[PDB]
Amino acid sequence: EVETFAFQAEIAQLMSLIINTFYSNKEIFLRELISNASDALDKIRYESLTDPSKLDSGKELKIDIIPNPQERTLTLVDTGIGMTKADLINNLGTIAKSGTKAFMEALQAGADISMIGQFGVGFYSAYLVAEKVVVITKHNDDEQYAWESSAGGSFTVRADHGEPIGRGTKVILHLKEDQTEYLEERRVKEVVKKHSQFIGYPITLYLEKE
């Protein structure tokens, strides 16, 4: 059963700005999504020190980046803490409102879009290159969910009965037609080396088969 929700007006405004503003330095999306994965990995690692059972859902802490030219998708998979249903519908957005406001104000005062991560809303930089984002996520003590948005003011959340991911998050970027450069491991490697070379988890960059 698919439930459809409206973004808060401010977040919809932010998404529209990211989609409609002329800004050529789009590659920064990858640094932001990798940093989100790293943060999530940091969180489950820290929690596991006082409750080792939190790793019963998977011991390995890693990030995989998988380009699929045929599906026109770039997928970032982490085995971090994951997100709950409450995160997806309510709590991440509640937190994001103030960061969104501060970022929008910063842009008006001369900041550029590449500073988005400092405001906690770097996730939304995905829409620099993606027409649709699907997030499959699994947190301990909650079910696996699929979140989806093609912007336009709404997102959906549904229980996901696809392949279990155990714990963590799969961010599936359905790329815009003119952003297919990010479907080549060569380009992805260049971006990772430039912006994400010191991330403290193994990042495996898959090669496209075709």
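In this text, the rigid core denotes the largest set of C-alpha atoms whose superposition between the two forms falls within 1.5 Å. Start at 1 and count along the sequence shown; that's the residue number.
Of the two stretches examined, 189-197 and 16-24, the one with higher mean CA deviation in 8 other deposited structures of this protein after a rigid core fit is 16-24.
Between 106-114 and 84-92, the larger root mean square Cα shift in 8 other deposited structures of this protein, once each structure is superposed on the rigid core, falls on 84-92. Between the stretches 180-188 and 37-45, it is 180-188 that shows the larger average CA temperature factor. If you average the C-alpha B-factors over 97-105 and over 132-140, the higher value belongs to 97-105. Per the PDB entry, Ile113 shows the highest C-alpha temperature factor of the residues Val77, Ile113, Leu88, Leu74. Per the PDB record, residue ranking by Cα B-factor puts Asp64 in the lowest third of the chain. Ranked within its chain, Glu27 lands in the middle third, by CA B factor from the PDB record. Remark: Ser149 belongs to the lowest third of its chain, ranked by C-alpha B-factor as recorded. Among the modelled residues of its chain, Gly120 has a C-alpha B-factor that falls in the middle third, as given in the PDB entry. The entry lists a Cα temperature factor for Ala159 that places it in the middle third of the chain's modelled residues.
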